[PDB]
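The chain contents come next:
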Amino acid sequence: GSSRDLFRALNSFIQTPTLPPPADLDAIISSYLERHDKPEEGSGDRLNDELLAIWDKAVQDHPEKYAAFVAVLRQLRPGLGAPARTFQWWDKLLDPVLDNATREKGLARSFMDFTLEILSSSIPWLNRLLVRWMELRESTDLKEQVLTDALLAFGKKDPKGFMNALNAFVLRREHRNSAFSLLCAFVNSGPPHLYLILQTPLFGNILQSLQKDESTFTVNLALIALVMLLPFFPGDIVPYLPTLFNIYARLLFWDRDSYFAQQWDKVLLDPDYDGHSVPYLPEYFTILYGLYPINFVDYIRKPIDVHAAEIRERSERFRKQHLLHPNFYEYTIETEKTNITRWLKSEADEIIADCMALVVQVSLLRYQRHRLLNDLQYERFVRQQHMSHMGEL
Amino acid sequence: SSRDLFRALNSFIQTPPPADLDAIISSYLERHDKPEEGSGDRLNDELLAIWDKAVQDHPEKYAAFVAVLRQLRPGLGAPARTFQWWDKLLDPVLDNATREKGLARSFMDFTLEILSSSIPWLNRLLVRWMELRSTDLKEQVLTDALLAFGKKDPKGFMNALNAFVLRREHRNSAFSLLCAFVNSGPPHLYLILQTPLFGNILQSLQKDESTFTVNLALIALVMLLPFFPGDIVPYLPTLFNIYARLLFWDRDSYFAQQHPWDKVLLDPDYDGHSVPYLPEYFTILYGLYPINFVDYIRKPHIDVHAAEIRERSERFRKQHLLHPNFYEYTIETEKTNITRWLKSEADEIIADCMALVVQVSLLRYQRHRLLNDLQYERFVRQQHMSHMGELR
């Protein structure tokens, strides 16, 4: 096993390809990787040229062999040399897998395993995945499962870059709902260092959507994302607190905001499908009361006196749902914001548990959230499908 | 037929009353307009003569004499004639309540007739209600009479009781009777603020060392505060300090190991280490002045003691919802804005406070049950005390 032996073994595997690769092929590949230390010189160039030739002459026009080629590419992954060749190959195989994900058994699983092996060893990826996920999004298919699992893996590897690329799609109206949906799905996968959203423009544009957009569906997605994001950096949102409180007041009068549409890229109100109240508004109250109760109740008390009284009357049903907060025995309105020991001692799951202890062991919550996301995707499908029909006359 | 009342009385006593006696009495009171000049005085003197010469040593005629005095009560005239007779018959009735049938009920009917017509009474009832201190008919009569007089004159009632609160040997009984008074639902309970009783209740809560005495005072305070919540602002620091003292009752009882208010000392045989009614005190405090209460708990009037106050108030915090005052008032305007109390009555304020706990009859009934339990415990305690010593 040096080079000629690999060429003959690969071509022989191509003439008769199976799904479980024979042991002697694993042996020839292992001996090649062992007997070649630094293919970064020429060895990688000739290996690349060989894989290109094999793809052109034998694989390109045989989708049933794609999974086998990917399996071989997995074993041959360590020997390409420069990481850009592995990029060039993943990018080359991206669309053939997407186009044959539903028809070739095991191809999606093998390509996922190849992706995970790439990610677990030692922007253009994210943008390509995002744009393609927008394209194939006008039921669930294998192509969307592949795109979704890959997006979650890339976001787990680069959370700051992920939420950066999505911000571009947040600026465009036609993908904001989808972007917020993917953001919720991303947050649902439990990725690390979610606080990096503060070193990214996504958070401010979420708040801008909550403040300006008029579609109940868009604002509701943004609210779900905000509720899922706040427990991961509660001590860093102090400068954003007036906006968050003002956002609560806006959603509190959603039955008026929708009404005012009586004629930054705004999403306008859809009078056909958007309801009159934000379903996830109560949970937002809980997290605000859980994190900064003294500042929150001071905002509700003292923002028109009549408008303030109405804010109070509509906050009454939330007041009767929450116990007295322990901060009332310990902090002032200043020290509530200034003392950060609370956040040093507790992680997101503890902060969530302490908050949910105020409402009159987490996997349940994540499962519920995934069910909610499925419900909302089904609702959007229903909407979109009702739109294609109405108008046809 | 109305002129020979004395002849009929002397003939009837010296031997149910016949219909013609009640008829002559009724016609006498009918055609006699203003007996206040003298006819009532001579009637009183004659009834006294009959009592001395014919009734005093004739127990079977006590009930008949009381029935006649009940029917002739409107014609006595001056209210001092009625007081003179009630005072004269008090001890004979109490002494014969158990032996003469219907006598207790007849004297109760006399009391009811007294209540439905237009201090020395209270002092006489109080002194005898201390002298008597299972269940006793004499104590029930004395209690019901004290409660009836207190319902008619609540400010005067409390006033006499304040004297017994000042006596160490009478404080427990005075507070028990006070609890029964507040439970009877008397009017104008805010008048306790125009009397020194409230301040001496707080002084007992601050200084007395008997768990039984302090818990009685706390129960009385809880029953009293909803009747004048807007007037207790100057007392708020004291009430808060009282809560803190009771919050550390298991230390204060222990801390009373080395040492013009006459303190009731700790009774080491039965007094426990915690005040049972302390949570309800928290509830009423949280119901009335939450912003000031939690501000007191956050920073009291050292840091370690404070943290301990916090740690013990945590368990009460987990039982109460967020108060609506936090959407409406500051710590200043909570004391300054009085609109809450203008339209509100005591029962409404109590019901609203009970909206924080995680329509009045049941409360009164439970309270009376508790008061009976405590009186029965006091009986047990005394019965045990008297036997510890006979062995010596």
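Rules used in this analysis
By convention in this text, residue numbers begin from 1 on each chain and track the written sequence, not necessarily the entry numbering, and residues missing coordinates are not displayed. Labels follow written order: the first chain is A, the first ligand is 1, and so on. Heavy atoms from the whole structure form the basis of all side-chain values; hydrogens and water molecules are not counted. Helix numbering and strand numbering both begin at the N terminus, where a helix is a DSSP run of H or I of at least 4 residues and a strand a DSSP run of E of at least 2. A simple rule labels every residue: compare its accessible area, found with a 1.4 Å probe on the protein chains alone, to the largest value its type can have, and call it buried under 20%, exposed over 50%, or partly exposed in between. Computed with the Shrake-Rupley method and a 1.4 Å probe, the accessible areas treat only the protein chains shown as cover for residues. In summary, the charge assignment counts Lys and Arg as positive and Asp and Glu as negative, without counting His or the chain termini. The atoms used to mark charge sites are NZ of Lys, CZ of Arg, CG of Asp and CD of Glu. What counts as a ring pair is set by centres within 6.5 Å for rings of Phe, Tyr and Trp (its six-membered ring), and what kind of pair is set by the plane angle: stacked under 30 degrees, edge-to-face over 60, tilted for all other angles. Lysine NZ or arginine CZ positioned within 6 Å of the ring centre and within 35 degrees of the ring normal marks a charge as sitting over the ring. In what follows, residue pairs with any heavy atoms lying within 4.5 Å of each other are defined as contacts. Two parts placed together each lose some accessible area under a 1.4 Å probe, and the buried area is that loss summed for both. Counted as salt bridges are all cases of a side-chain nitrogen of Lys or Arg within 4 Å of a carboxyl oxygen of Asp or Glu. Contacts described as polar in this section are N or O atom pairs within 3.5 Å, which, within protein, must combine one atom able to donate a hydrogen with one able to accept it, while residues neighboring in sequence count only if both atoms come from side chains. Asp, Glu, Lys and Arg are counted as charged, while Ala, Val, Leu, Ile, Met, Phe, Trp, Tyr, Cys and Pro are counted as nonpolar; the rest, among them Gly, fall into the polar class. Patches draw on residues past 30% relative accessible area with no salt bridge. Two like charges within 9 Å are joined, as are two nonpolar side chains (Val, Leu, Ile, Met, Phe, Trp, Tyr) within 5 Å. Expected span, for any helix, means 1.5 Å times one less than how many residues it has. To be clear, the arc concerns the directions from the helix axis to the C-beta atoms. Axis definition: a line fitted to C-alpha atoms, over the contacting stretch in the case of helices. Angles run 0 to 180 degrees between N-to-C directions. Oblique is the label for any angle not under 35 degrees, not over 145, and not in the 65 to 115 range, which are roughly parallel, roughly antiparallel and roughly perpendicular in turn.

(A) Broad picture of the overall build of chain A. Assigned secondary structure in chain A consists of 21 helices and zero strands. Expressed as lengths along the three principal axes of its C-alpha atoms, the size of chain A is roughly 85 × 60 × 35 Å. Here chain A holds 393 residues, and 49% of them are scored as buried. Accessible surface computed for chain A: about 20,400 Å², of which carbon and sulfur atoms make up 53%. Within chain A, one finds 43 positive and 51 negative side-chain charges whose respective centroids are separated by 1 Å.

(B) Main features of the overall build of chain B. Scanning chain B from N- to C-terminus turns up 21 helices and zero strands. Seen through its C-alpha atoms, chain B measures out along the principal axes to roughly 85 × 60 × 40 Å. Among the 392 residues that make up chain B, the fraction classed as buried is 46%. With an accessible surface of roughly 20,800 Å², chain B has 52% of that area assigned to carbon and sulfur atoms. Within chain B, the 50 negative side-chain charges are centred at a point lying 1 Å from the centre of the 44 positive side-chain charges.

(C) Broad picture of the packing of aromatic side chains. Scanning all chains against the criterion turns up 40 aromatic pairs over all chains. Taken together, a centroid distance of 5.7 Å and an interplanar angle of 35 degrees make the contact between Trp90(A) and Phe111(A) tilted. Within this pair, whereas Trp90(A) is found in helix 5 (residues 83–100), its partner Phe111(A) is found in helix 6 (residues 107–119), the two being separated by 21 residues in sequence. Neither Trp90(A) nor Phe111(A) differs from the other in exposure class; each is buried. A network of ring pairs unites the aromatic residues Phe245(A), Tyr248(A), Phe285(A), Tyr289(A), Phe296(A), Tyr299(A) and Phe318(A) as a single cluster. When the ring centre of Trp89(A) is taken as reference, the NZ or CZ atom of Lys92(A) above it lies at 5.6 Å. Above the plane of the ring of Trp129(B) lies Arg133(B), whose end atom (NZ or CZ) is 5.4 Å from the centre.

(D) Just the interface of chain B and chain A, in detail. At the interface, 21 residues of chain B touch 20 residues of chain A. The junction of chain B with chain A conceals about 2,000 Å² of combined surface from both sides, 67% of it contributed by carbon and sulfur atoms. Of all residues in chain B, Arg317(B), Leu322(B) and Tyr327(B) give up the largest surface area on contact with chain A, accounting jointly for 41% of the area buried on that side. Taken together, chain B and chain A are joined by zero salt bridges. Our count for the contact surface shared by chain B and chain A stands at seven residue pairs in polar contact. Broken down by element, the side of chain B that touches chain A gets its largest block of residues, four residues, from helix 17 (residues 303–317) of chain B. Class assignment of the residues belonging to the side of chain B that touches chain A gives a composition of eleven nonpolar, four polar and six charged.

(E) Representation of a negative patch on the surface. On the surface, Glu347(A), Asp349(A), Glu350(A) and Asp354(A) cluster together into a patch of negative charge. Relative to the helices and strands, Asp349(A) resides in helix 20 (residues 348–356).

(F) How the structure looks around the environment of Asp262(B). All names here are of chain B. Here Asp-262 lies in the loop between helix 14 (249–255) and helix 15 (278–288). With relative accessibility at 24%, the residue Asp-262 sits in the partly exposed group. Linking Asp-262 and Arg-298, residues 36 residues apart in sequence, is a C-alpha distance of 33 Å. Discounting residues that sit within four places of it in the chain, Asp-262 has contacts with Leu-166, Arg-168, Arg-171 and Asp-208.

(G) Spatial organisation of helix 12 (residues 216–229) of chain A. For helix 12 of chain A, with 14 residues, the first-to-last C-alpha span of 20 Å sits near the 20 Å given by 1.5 Å per residue. Where burial is concerned, most of helix 12 of chain A is hidden: 14 out of the 14 residues are buried.

(H) Looking closely at helix 3 (residues 43–59) of chain A. All names here are of chain A. Helix length check: helix 3 (17 residues) gives 22 Å between terminal C-alpha atoms against 24 Å at 1.5 Å per residue, within 8%. Those residues of helix 3 that fall on the buried side of the exposure criterion are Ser-43, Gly-44, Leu-47, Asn-48, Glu-50, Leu-51, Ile-54, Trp-55, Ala-58 and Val-59. Along the axis of helix 3, the buried residues cluster in a sector spanning 160 degrees; they form a single face. The exposed residues of helix 3 that point more than 90 degrees off its buried face are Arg-46 and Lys-57. Buried residues in helix 3 make contact with helix 1 (4–15), helix 2 (23–35), helix 4 (66–75) and helix 5.

(I) The arrangement of the pattern of salt bridges in detail. In this structure the tally under the stated criterion is 37 salt bridges over all chains. A salt bridge links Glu316(A) to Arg319(A); the nearest nitrogen and oxygen atoms lie 2.4 Å apart. Taken together, the residues span about one helical turn, with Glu316(A) and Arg319(A) both in helix 17 (residues 305–319) at a distance of three residues. By relative accessible area, which is 22% here, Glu316(A) ends up partly exposed. Residue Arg319(A) is classed as buried on the basis of its relative accessible area of 7%. If you follow the salt bridges from partner to partner, you end up with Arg70(B), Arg105(B), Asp109(B) and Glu113(B) in one network.

(J) Highlighting unusual backbone geometry. Residues and elements named next belong to chain B. Its identity as a non-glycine residue notwithstanding, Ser-118 has a phi of 40 degrees, on the positive side. Along the chain, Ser-118 falls in the loop between helix 6 (103–115) and helix 7 (120–131). Its identity as a non-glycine residue notwithstanding, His-188 has a phi of 60 degrees, on the positive side. Along the chain, the position of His-188 falls in the loop between helix 10 (171–183) and helix 11 (197–207).

(K) Structural view of the packing of helix 3 of chain A against helix 5 of chain A. Residues and elements named next belong to chain A. Following both chains from N to C, one finds helix 3 and helix 5 inclined at 10 degrees, their axes separated by 12 Å at the closest point. Classed by the angle they form, the pair helix 3 and helix 5 counts as roughly parallel. Along the contact surface, helix 3 presents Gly-44, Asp-45, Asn-48, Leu-51, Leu-52 and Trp-55, while helix 5 presents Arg-85, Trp-89, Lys-92, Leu-93 and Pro-96. Class assignment of the residues belonging to the contact of helix 3 with helix 5 gives a composition of six nonpolar, two polar and three charged.

(L) Main features of the side chain of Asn295(A). All names here are of chain A. Summarising the element assignment, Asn-295 is placed in helix 16 (residues 293–301). With relative accessibility at 10%, the residue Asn-295 sits in the buried group. Here the side chain of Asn-295 touches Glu-336 through a polar contact of 2.6 Å, side chain to side chain. Those residues within four positions of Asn-295 in sequence are excluded, and the remaining contacts are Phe-245, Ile-333, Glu-336 and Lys-337.

(M) Expanded view of the environment of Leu374(B). Residue and element names in this part refer to chain B. Turning to its location among the elements, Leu-374 is positioned in helix 21 (residues 361–387). Residue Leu-374 is classed as partly exposed on the basis of its relative accessible area of 22%. The spatial distance from the C-alpha of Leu-374 to the C-alpha of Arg-392 is 29 Å, given a sequence separation of 18 residues. Leave out the neighbours within four places in its chain, and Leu-374 touches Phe-212, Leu-216 and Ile-219.

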